[PDB]
Amino acid sequence: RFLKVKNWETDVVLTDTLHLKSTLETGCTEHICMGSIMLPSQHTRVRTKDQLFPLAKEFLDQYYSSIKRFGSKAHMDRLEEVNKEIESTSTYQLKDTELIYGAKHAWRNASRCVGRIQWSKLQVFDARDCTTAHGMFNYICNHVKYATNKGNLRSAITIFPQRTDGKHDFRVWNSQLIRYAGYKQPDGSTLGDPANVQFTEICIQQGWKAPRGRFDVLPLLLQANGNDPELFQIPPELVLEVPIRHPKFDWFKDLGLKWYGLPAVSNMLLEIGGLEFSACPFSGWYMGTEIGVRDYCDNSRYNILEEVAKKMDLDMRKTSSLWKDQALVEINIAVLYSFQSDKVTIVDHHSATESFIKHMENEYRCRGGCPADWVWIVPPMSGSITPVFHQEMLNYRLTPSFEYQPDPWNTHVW
Amino acid sequence: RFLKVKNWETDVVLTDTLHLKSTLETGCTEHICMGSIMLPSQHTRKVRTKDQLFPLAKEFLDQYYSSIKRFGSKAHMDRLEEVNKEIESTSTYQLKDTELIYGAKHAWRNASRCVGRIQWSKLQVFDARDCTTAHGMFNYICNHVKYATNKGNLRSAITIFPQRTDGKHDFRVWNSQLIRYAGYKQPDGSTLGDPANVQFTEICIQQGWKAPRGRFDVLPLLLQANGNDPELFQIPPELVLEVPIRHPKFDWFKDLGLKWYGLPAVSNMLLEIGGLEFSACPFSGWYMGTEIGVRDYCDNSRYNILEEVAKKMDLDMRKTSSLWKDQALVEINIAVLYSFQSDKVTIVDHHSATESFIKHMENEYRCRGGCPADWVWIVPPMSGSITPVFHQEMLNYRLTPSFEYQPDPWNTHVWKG
Ligand code: HEM
Ligand code: HEM
Ligand SMILES: Cc1cc(N)nc(CCc2c(F)c(F)cc(CCCN(C)C)c2F)c1
Ligand SMILES: Cc1cc(N)nc(CCc2c(F)c(F)cc(CCCN(C)C)c2F)c1
Ligand SMILES: C[C@H](O)[C@H](O)[C@H]1CNc2nc(N)[nH]c(=O)c2N1
Ligand SMILES: C[C@H](O)[C@H](O)[C@H]1CNc2nc(N)[nH]c(=O)c2N1
Ligand SMILES: [Zn+2]
């Protein structure tokens, strides 16, 4: 019950005590492991008055422990003050310090995130005074500019007002702040990003004038206080993009590939002390494989493998020539090369997983553990030559947390 | 209760009812997932009385007679009756030949970490339950190797030695695989040969094996019959099919001196059928290319040839973001596949193998109500997401008959002397 994880490449063994603090459920049982389910019910997300105070107490307890004020007057006073506020208002407000700690720890606890060694350097933008979609746009432009930083990317989260009665939710309808559009052709194929075909249609259905290109930056669709969402175009000078070329193949630039520099997830829900922040876009920097392996080479995405292997003149007759694997490596060399050339922050999967092993070491030593989801942590190429492949990981759910939530168009009372 | 799994590349959704027939435990709880634990308590086998044995037998026989469309028949009830009296009077029981064949096929069919299970029904089962000595084991294993190898046209096979009785007369193959290369720790700390096999190599040498001390020395068989001290046997070299590894474009690749054997034959697992434990049950199939090209050759703790291969390719080795490791890895795996195909030795690449597993899995859901699958093990160790299993949700649960791990015998064996 005080669990051991072993690294089978190095024989390092770590003892996990942190999982005993786990609160939420995994979706597994003794009879069945659901470790490969993408979205179990638990990972998705009104709070009654009774559920809220224990959630607040557990959070304030760990907060005051983290500042070595556990059991202090200031601790008990804050517990009482929040306890009174919940009794009266049926909710409560976080102190700035508690909001910042909560957001950093939601990242720290994100068991699927390989980049968590950076978790404590997150820049938290308090947007809880926001009231309109235009204000949300302003907060998001400031986030994008701060985080992009002329290509020296910086981690950031912007936190909009917390859920109240569920009818006044703040929501960013986009899945990411910056994402390329997707159009169904009459021809039957897909232009641009197929993953965003439905969202691209909701944008057009709301007024957007699509250039119908291959890499059209989507507008923001912002919902404040539960109102109808509104379109806003992000200033192009704020959207850093990188043309993709290859350091050896001159024909690579002719493929016309580019990608955006800033990965900014915008559709998740931040849970702190029972409070639910339905609009909390956060951003870091890319691991190369997200673009090169998933975005460019997933069959349900840009799906460029065949085209690249063609230009490489690879034997595509048989799968055992591993033409897909060759092409895959070259595409991913090009992504890393392009970002590094344009001085846009990016990390290769080798450095990132090595960092995560170091991070796990640190968390086990200083925290007693590190929830980690192997299915997600292991990169989607060259898995076993990265150290995380050989790392046993314990997956459990700690709070504060980032959770998934239903897409807004399914829920929005129009 | 029904459970759904989704393929996120095709949106195909399958419904699992088979997990309801699951008896054993996973290691996970509502509060922790142990999905990535390599050798969890539940997948191993350290010792079993007449108390729990008849329901295990009854459950198996019910499954068996259902599969042959004889559930509730007179043959079914008489067999249950017969097994029951044999248990209470002798404390164990013997499987019929048909039941053993069924049991071994279904143990493979239930192996949730095995990507090659489309083949499960075409398993050649060799009954070695009349074996009594290590020499008899050697003879059975030789015949298995020769049959399974079939001059490179590999055929799946399993050889099943007598079941455990009191845990003091076990049959065991001390080798982890029937064919495997020696590993030698040198005084300077480096390893010659396969570092994974250093401990077993040292046992063989202690038992009298004259080691050639090369990089690819086929290990001797260390065979334990009836709980006696194990004995050394050399597999006839004419029975050990090997492939020199060359590359279709890089002529310097052959000069690395690499080869591998053609027949992957796991020999240290435990086969559980109807509560009976078969502690010596070597089984063999054919290789997926990445087992050799990725894991055997490129694991840092194995042959670890990435450095020298990338040196000879003249890749940028100063920074990892050149992906020199990924580039060399692909070329090594091309070479492995090219060499086996050129020598007409059966092998499957990870694209073909994972595509077949998806078809197998969908078929199993339709005809069986499910297919237990361990994503962590099914996804190949390179190019994971450009194979279709990466995108496939999988439910992992334990069905019997099963293959289980057991502790290495040198840690449990009571030495006779
Ligand atoms: C700073 C550089 C970062 C890197 C290199 C990184 C890396 C990654 C990668 C590769 C994934 C898998 C994503 C996918 O395959 O779709 C992921 C997931 C995730 N990241 Fe990080 N990330 C970074 C920053 C952040 C930040 C700043 C946050 C939050 C403040 C965060 C929260 C998450 C969460 C919650 C997930 C998993 C979503 C889920 O549960 O399904 N990441 N990360
Ligand atoms: C016919 C071709 C076969 C292929 C291509 C194949 C492929 C594989 C691969 C790649 C693995 C992962 C192994 C590793 O990474 O160490 C595996 C695991 C496994 N295979 Fe198969 N296999 C085949 C035949 C068989 C047969 C004949 C049996 C038994 C009769 C079998 C039983 C298993 C079991 C029990 C495991 C899991 C070991 C564990 O639980 O840790 N396989 N297979
Ligand atoms: C901050 C950051 C850093 C980084 N390197 N990458 C990203 C984008 C990758 C990414 C997430 F991080 C995330 F939390 C959620 C998703 C959606 C998953 C949808 N999928 C289940 C179908 C996602 F795509 C963000
Ligand atoms: C029949 C067959 C077909 C095929 N293609 N490959 C193989 C070898 C791979 C393999 C198994 F299949 C298996 F069941 C067990 C192990 C031991 C795992 C040790 N691990 C905990 C460190 C193993 F290595 C065998
Ligand atoms: C079905 C499976 O869980 C799904 O394809 C997962 C696999 N692992 C992943 N890992 C990461 N990092 N990102 C993903 O989207 C996925 N997809
Ligand atoms: C720690 C982790 O479970 C371990 O490295 C696993 C990962 N997946 C694997 N998958 C296969 N096929 N074979 C393995 O040996 C492993 N090792
Ligand atoms: Zn699990």
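Per the deposited record, the coordinates in this entry were obtained by X-ray crystallography to a resolution of 1.829 Å.

You'll find chain B entered in the PDB entry as Nitric oxide synthase, brain, with Rattus norvegicus given as the organism. As deposited in the PDB, this entry carries the title "Structure of rat neuronal nitric oxide synthase heme domain in complex with 6-(3-(3-(dimethylamino)propyl)-2,5,6-trifluorophenethyl)-4-methylpyridin-2-amine".

By the naming in the PDB entry, chain A goes by Nitric oxide synthase, brain and is assigned to Rattus norvegicus.

Some remarks on the interface of chain A and chain B
With 64 residues of chain A at the interface, the matching set in chain B holds 65 residues. Taken over both partners, the interface formed by chain A and chain B buries close to 5,300 Å², and the fraction arising from carbon and sulfur atoms is 60%. At the junction of chain A and chain B, the tally comes to zero salt bridges. For the pair chain A and chain B, the number of links is 32 residue pairs in polar contact.

Notes on the packing of aromatic side chains
Under the criterion given, the structure shown has 44 aromatic pairs over all chains. Taken together, a centroid distance of 6.0 Å and an interplanar angle of 85° make the contact between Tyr140 of chain B and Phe161 of chain B edge-to-face. Separated by 21 residues along the polypeptide, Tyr140 of chain B in helix α4 (residues 134–149) and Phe161 of chain B in the loop between β4 (157–160) and β5 (172–173) bring together distant segments of the chain. Classification of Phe161 of chain B as buried rests on a relative accessible area of 0%. Measuring from centroid to centroid gives 6.3 Å for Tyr297 of chain B and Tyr303 of chain B, while their planes differ by 85°, and the two rings are edge-to-face. Judged by relative accessible area, which is 0%, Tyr297 of chain B ranks as buried. Residue classification places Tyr303 of chain B among the buried residues on the basis of a relative accessible area of 6%. One aromatic cluster is present, built from ring pairs that chain together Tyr180, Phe215, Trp259, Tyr260, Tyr286, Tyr296 and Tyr302 of chain A. The ring of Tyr146 of chain A carries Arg154 of chain A above its face, with NZ or CZ at 3.7 Å from the centroid. Lying across the ring of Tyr147 of chain B, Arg155 of chain B places its NZ or CZ 3.7 Å from the centre.

Comments concerning the sheet that holds strand β14 (residues 275–277) of chain A
Residue and element names in this part refer to chain A. As summarised here, the arrangement of the three strands in space is β14-β13-β18, forming an open sheet in which the pairing is antiparallel. The sheet terminates laterally at β14 and β18 (401–403), the two strands that pair on one side only. This sheet shows a mean twist of 30° between the axes of neighbouring strands, independent of strand direction. One ladder, built from three bridges, connects strand β13 (residues 269–272) with β14; its direction is antiparallel. What sits directly across from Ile272, in β14, is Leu275. Contacts between helix α3 (residues 96–108) and the sheet are confined to β13, β14 and β18, with β13 contributing the most and set at about 120° to the helix.

Reading the values: rules and limits
Residues numbered from 1 in each chain as written, not as in the entry; some residues may be left out. Chains lettered and ligands numbered in written order. Heavy atoms only, no water. Contact = heavy atoms within 4.5 Å. Buried area = accessible area lost by both parts, 1.4 Å probe. Salt bridge = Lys/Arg side-chain N within 4 Å of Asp/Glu carboxyl O. Polar contact = N/O pair within 3.5 Å; in protein donor to acceptor, adjacent residues only side chain to side chain. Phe/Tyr/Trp six-rings, centres within 6.5 Å; stacked < 30°, edge-to-face > 60°. Helix = DSSP H or I, 4+ residues; strand = E, 2+ residues; numbered from the N terminus. Buried < 20%, exposed > 50% of the residue type's maximum accessible area, 1.4 Å probe, protein only. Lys NZ or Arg CZ within 6 Å of the ring centre and 35° of its normal. Pairing = 2+ DSSP bridges. Axes fitted to C-alpha atoms, helices over the stretch in contact; angles between N-to-C directions.

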